[PDB]
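These notes are about the structure you will find just below.
Note that each Cβ is placed from the backbone with ideal geometry, even for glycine, and that neighbours are counted across all protein chains shown. Just so it is clear, none of the values below were taken in a lab; they were calculated from the coordinates.
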Amino acid sequence: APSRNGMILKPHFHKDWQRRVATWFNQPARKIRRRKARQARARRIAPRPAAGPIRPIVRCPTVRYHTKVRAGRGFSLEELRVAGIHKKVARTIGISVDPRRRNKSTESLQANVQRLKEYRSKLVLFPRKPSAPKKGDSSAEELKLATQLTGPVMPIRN
Amino acid sequence: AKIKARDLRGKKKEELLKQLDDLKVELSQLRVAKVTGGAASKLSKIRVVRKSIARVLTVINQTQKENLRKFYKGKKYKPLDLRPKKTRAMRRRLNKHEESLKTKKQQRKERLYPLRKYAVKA
Amino acid sequence: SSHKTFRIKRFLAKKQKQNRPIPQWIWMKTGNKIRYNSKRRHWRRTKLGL
Amino acid sequence: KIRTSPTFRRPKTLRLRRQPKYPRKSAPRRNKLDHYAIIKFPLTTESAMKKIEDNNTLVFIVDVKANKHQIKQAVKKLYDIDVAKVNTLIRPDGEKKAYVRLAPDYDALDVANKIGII
Amino acid sequence: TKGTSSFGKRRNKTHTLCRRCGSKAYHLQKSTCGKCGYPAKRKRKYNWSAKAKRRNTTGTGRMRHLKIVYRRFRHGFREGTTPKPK
Amino acid sequence: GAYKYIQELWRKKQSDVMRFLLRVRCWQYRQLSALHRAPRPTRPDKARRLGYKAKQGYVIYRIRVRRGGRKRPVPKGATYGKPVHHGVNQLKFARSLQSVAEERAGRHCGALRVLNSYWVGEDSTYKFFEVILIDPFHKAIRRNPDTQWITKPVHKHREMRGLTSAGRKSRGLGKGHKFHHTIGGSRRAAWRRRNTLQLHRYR
RNA sequence: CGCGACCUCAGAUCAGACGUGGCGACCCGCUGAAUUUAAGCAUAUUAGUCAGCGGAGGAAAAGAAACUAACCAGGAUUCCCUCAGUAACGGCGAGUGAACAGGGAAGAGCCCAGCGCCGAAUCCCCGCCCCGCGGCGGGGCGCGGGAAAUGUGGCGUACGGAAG
C-alpha cells in the first residue's frame with residue numbers, strides 16, 4: 001500500500017530472480033586472466049603489432065553518430081584493388097579484409113587507400129627463409145629496428 | 001628365508017612353478033598350525049609366505065606378458081590386454097597421422113599465402 | 001525360515017561375523033577413539049531388515 | 001519341382017565358424033581354485049577329531065565354490081589318499097565343511113599325523 | 001481390528017534384496033526395484049530428491065576404477081614405459 | 001547436366017508423371033516396416049545437396065512418421081489447471097515431423113551420426129523421410145579431411161540436440177529483427193542473460 | 001527346365017569395428033504445471049519457471065548476413081557497459097519488456113552440392129616383405145577382391161568463377 005506523495009515504480013523481482021544472480025567477484029581475477037592471455041599472445045607474435053591488423057576509417061551510421069569515425073571490421077575489396085593489395089595476401093601481412101563493405105562514396109573510399117599506402121610503407125617484412133634474403137622483404141637494418149606497436153596500429157582520431 | 005624378485009626374473013620357466021608349489025605346501029603347513037593353536041612363531045611366518053606367493057605369481061604373470069607383446073608387437077591386430085588402455089573417449093579420437101591429413105586445397109591456400117613474420121614502425 | 005535361498009544364507013552369515021565385540025587390545029592403540037562396538041545388533045532389539 | 005507346402009519357410013543358409021584374427025584376451029585366465037586354494041584348513045574340533053577316529057573320515061574347511069568331485073581330487077592330490085564319499089555342508093559362518101570319508105585301505109587317525117592335527 | 005490385531009497377519013514379504021543396488025526394494029510381484037528399477041537399463045533417479053541422489057552417486061562407493069583414473073590423469077594417462085631401473 | 005533435369009522434375013510434384021510416382025511409392029513404403037535401411041537414396045539429386053556422397057560408409061534409412069498434431073497425453077482429457085491449459089486436441093509439437101523422423105533413425109543407429117534428411121512422399125497417415133547417416137569410424141570418412149568433423153564427440157546425436165537442418169528450424173534462430181528471442185546461443189540462453197541481476201561488486 | 005548378370009531382400013558364434021550405462025554444476029533439444037500476484041477470479045502473472053524426457057562437451061550452443069539500417073551508412077558469432085525499465089505488450093489492470101546505434105573483451109575465416117572440364121584421374125579391405133608405430137602409419141607388391149557413371153577425386157562457391 002503506497003504511503004503518500006512518492007514515485008510510482010514496478011520492481012522487476014516477481015520471478016525466481018535469486019537463483020540467477022550474477023555476482024562480480026570473478027571481475028578482479030578475470031582482468032588478471034584477460035591480461036596474462038593478452039601478454040602471452042603478444043610474446044608469441046614477437047615483432048607483430050599486439051592489437052594485430054590495421055582497421056579502416058569508417059563513418060558511424062544512423063544520424064546520432066554520423067559525424068564520428070570508428071575502426072571498422074576490415075578494408076573493402078574496392079579499397080584493396082585500388083591500393084594494389086591482393087585480398088588473400090592482405091590477411092597474411094596484417095591487413096583486415098571483409099567481403100561485405102560496400103562503397104557508396106569516393107572520399108570515404110579514397111580515405112582508406114591513402115590509409116594503406118602508409119601501412120605498406122610502414123610494413124617491416126621478415127624473410128620466411130631468414131639466412132637467404134628474398135625480394136619483397138624489407139632491408140636488414142629495418143628488421144633490426146623492428147619493435148612491436150602497443151596500441152591500435154595507425155590509431156583513428158576524429 | 002628372504003625371497004626377492006630380482007633373482008626370480010632371471011630364472012627358468014618350470015622352476016618358478018616348483019618354487020610356487022613348495023610355498024603352497026609351506027603355507028598349508030601353517031594354516032593347520034593356526035587352527036591347532038600351537039607355535040606363535042608359525043603365525044607371524046604365514047604373512048611372509050602369503051606375500052612371497054604374490055611375488056612368484058607376479059614374476060610369472062609379468063614375464064608371460066613381456067613375451068606376448070614381444071611376439072604380437074609386429075602385428076596389425078593384437079589382443080585387447082596388449083592394446084593401450086588410455087580412456088574410452090581418448091581411444092575414439094583420430095590417429096596421429098589422420099590429424100596430419102589436410103585437404104589438397106588447404107595444401108594450396110597455405111602454400112601460396114604463408115602467415116608472414118611482419119612488424120610496423122611506430 | 002528353515003527353507004532358505006543360498007544368497008540370503010550368505011547375507012545372514014556376514015551379519016553373524018559382524019555381531020562380535022571389539023578385541024581388548026584395540027583401545028590400547030595410540031589413536032584410541034573406540035570404547036565398545038556401537039553397531040552390535042540383537043535378534044529381539046533390531047530385526048536385521050528382510 | 002513345385003512348393004509341396006503352402007508356407008514359405010526360410011531356407012537353411014550356410015554359416016561359417018569363428019576364425020579369430022587375434023584372441024580377445026591375450027592368455028587363458030589361470031585356474032584360481034587350485035587344490036591348495038580349494039581346501040583352506042582341517043577342523044581340529046573335538047566333534048571333528050571324534051568324526052576322524054569314530055567314522056574313518058577327515059573334516060576340512062573348503063572354498064564355497066567347490067563341488068564334491070573337486071574335493072575328491074583335492075584330498076587325493078595333496079594327501080596321497082583315496083575317498084569313499086564327500087558330504088559338504090555350508091556352516092552358518094558362510095564357509096563349506098567337507099566330511100571326506102576315506103576308503104578303508106588307508107587309516108584316518110594315522111593320516112591325521114601326516115596333515116599334523118591332534 | 002484395523003490396528004494391533006491386523007499386524008499379526010504380516011508374514012509374507014513384497015520387497016526382497018535388489019541386485020544392482022543391494023537395496024531391499026525389489027518388488028517380487030512387479031519384479032522391479034522401487035530404488036533403482038532393475039529390469040530398466042537406466043538407473044531410477046529424480047530431481048525432486050537431491051538427498052536420495054547424494055546417497056547413491058560417485059562419492060558414495062569405492063570408485064575402484066574412477067580413483068585410479070584421477071591418479072593416472074596427473075601423468076597424462078601414460079601406458080607401457082617403466083621408470084629407469086638401477 | 002543430369003542433376004538439374006531431376007531438380008526441376010521434383011518441383012512439378014503436381015504433374016501427371018509425379019502424381020503417379022509419389023502415389024505408387026507411397027503405396028510401396030506403407031507395406032515395408034516403420035524404420036528400415038534403404039539400399040540407396042530414392043533421390044540421388046536431393047541427397048547431393050545435403051552432403052551425401054555415394055562412397056562406402058554413408059547410410060540412408062527410410063523411416064515413416066505418423067501424420068498430424070501432438071495431443072496432450074492426459075487421462076480422460078482432464079488437465080488439472082486453469083482454463084488456459086485445458087487444451088489437448090488442437091495442440092502442435094514444437095519440432096517438425098522431419099526432425100522427429102531423424103531422431104528415430106539416429107536413436108536406433110547410435111553407432112552412426114545423422115548428417116541430414118529429405119522428403120520422399122506423404123499420405124493422410126504417414127510422411128516418409130530418407131534420413132542420411134554417416135559412419136564416424138569407417139576409414140573412407142575417418143581419413144577424409146572434409147568429413148572427419150562428424151567423427152569428433154561434439155557431434156554425438158545432432159538429431160537429438162537439433163543441429164541437423166530440420167532440427168534447427170524449430171529453435172527459431174537466424175539473424176535480424178525476426179530472431180531477437182534467440183540472440184546469444186539459443187531461446188534459453190537469451191532468456192538466461194535477460195533474467196540475470198548483474199549485481200556488480202561496487203554499484 | 002537350366003546356368004549368368006543385376007535389383008531388392010534373408011541368414012550367420014562370418015572378418016573387423018562401433019552404440020548402450022553413469023556423472024549431470026554449467027550446456028542443447030523437447031515437454032511443462034500449480035502455489036503465488038491481481039487485496040476475489042477466469043486472460044494475464046508466477047513462467048517457457050519447478051518436476052518429467054532425450055543428448056553432449058571441456059566448455060556447449062551460436063557463427064561468417066535471404067543482417068542492420070535510411071546515415072556522410074555500417075558488416076559473422078559470443079560476452080560486458082549502455083540503450084532501458086526505454087519502444088512495445090496488458091481485465092492498457094496487476095505486471096511484462098526487447099532491439100539497433102554506440103563504447104569495449106576477443107577477433108578468423110571458410111567448405112560442398114549445383115554449373116562445367118580432366119581415359120574414376122578417386123576410395124576402403126585383404127595377402128607378401130620392409131624400417132617400424134602402448135594415437136596401425138609411410139613405402140614397395142601382385143590382369144588380388146570391393147566401392148563407384150543412381151557420380152569418387154582435383155579445379156571451383158556468390159567476395160564471383162572456369163577456359164583460351
Evaluation of C:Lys15 against (1) loosely packed, with under 11 Cβ neighbours inside 10 Å; (2) touching a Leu at 6+ places or on another chain (Cβ under 7 Å) (one fails), failing number: (1)
Restricting segment E:1-49 to residues that are in a loop (DSSP other than H, G, I, E, B) and of a type in the set (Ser, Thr, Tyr), the residue that is nearest to C:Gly49 (Cα to Cα): E:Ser23
Some residue of segment C:23-41 being surrounded by fewer than 10 Cβ atoms within 10 Å (Cβ to Cβ), under 18 Å from the mean Cα position of the chain (by Cα) and within 14 Å of chain D (Cβ to nearest Cβ): no
Verdict on F:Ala101 being part of a helix (DSSP H, G or I), within 14 Å of another protein chain (Cβ to nearest Cβ) and in contact with a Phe, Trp or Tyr (Cβ under 9 Å, 6 or more places away or on another chain): no
Matching residues in segment F:161-178 - criterion: being more than 6 Å from RNA strand G (Cβ to nearest atom) and farther than 23 Å from F:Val100 by Cα: F:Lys178
Residue check for E:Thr81: within 14 Å of chain B (Cβ to nearest Cβ), over 20 Å from B:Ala89 (Cβ atoms) and either assigned to a helix (DSSP H, G or I) or within 10 Å of RNA strand G (Cβ to nearest atom) (or both): yes
Residue that is farthest from the chain's Cα centre (by Cα), among those in segment E:58-86 that are basic (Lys, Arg) and more than 19 Å from B:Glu66 (Cα to Cα): E:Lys86
Selection count where residues are farther than 18 Å from E:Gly22 by Cα and more than 11 Å from chain D (Cβ to nearest Cβ), scope segment C:1-22: 7
Residue list for segment A:83-133, restricted to those being near RNA strand G (Cβ under 7 Å from one of its atoms) and either under 27 Å from A:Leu145 (Cα atoms) or within 14 Å of chain B (Cβ to nearest Cβ) (or both): A:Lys87, A:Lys88, A:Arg91, A:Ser96, A:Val97
Cross-chain or 6+ apart pairs with Cβ under 7 Å, segment F:5-17 first and over 15 Å from F:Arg48 (Cα atoms), then more than 10 Å from RNA strand G (Cβ to nearest atom) and not acidic (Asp, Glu): F:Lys12/F:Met18; F:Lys13/F:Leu22
Complete set of residues in segment A:46-79 that are closer than 15 Å to A:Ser108 by Cβ and within 14 Å of chain B (Cβ to nearest Cβ): A:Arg55
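So that you can scan it fast, the table gives a plain yes or no per residue for (1) in contact (Cβ under 8 Å) with a residue 12 or more places away in the chain; (2) within 26 Å of D:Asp63 (Cα to Cα):
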{"site": "C:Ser2", "(1), (2)": "no, yes"}
{"site": "C:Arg7", "(1), (2)": "no, yes"}
{"site": "C:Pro23", "(1), (2)": "no, no"}
{"site": "C:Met28", "(1), (2)": "no, no"}
{"site": "C:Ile34", "(1), (2)": "yes, no"}
{"site": "C:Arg44", "(1), (2)": "no, no"}
Residue pairs meeting the criteria (Cβ under 6 Å; at least 6 apart or on separate chains; first assigned to a loop (DSSP other than H, G, I, E, B), in segment F:187-203; second among the small types (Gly, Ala, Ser)): F:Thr196/A:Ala22; F:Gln198/A:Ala22
Selected residue (only one of A:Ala29, A:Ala37 is in a helix (DSSP H, G or I), more than 6 Å from RNA strand G (Cβ to nearest atom), out of contact with any helix residue (DSSP H, G or I) (no Cβ under 9 Å at 6 or more places or on another chain) and under 29 Å from A:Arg100 (Cβ atoms)): A:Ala37
Boolean, A:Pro61 is under 17 Å from A:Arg102 (Cβ atoms), over 17 Å from the mean Cα position of the chain (by Cα) and surrounded by fewer than 16 Cβ atoms within 10 Å (Cβ to Cβ): yes
Members of segment A:1-26 that are more than 9 Å from RNA strand G (Cβ to nearest atom) and β-branched (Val, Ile, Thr): A:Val21, A:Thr23
Criterion violated by F:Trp191 - all others in (1) within 14 Å of chain A (Cβ to nearest Cβ); (2) more than 7 Å from RNA strand G (Cβ to nearest atom) satisfied: (2)
Residues that are surrounded by 13 or more Cβ atoms within 10 Å (Cβ to Cβ), assigned to a helix (DSSP H, G or I) and within 12 Å of chain B (Cβ to nearest Cβ), drawn from segment F:136-154: F:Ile141, F:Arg142
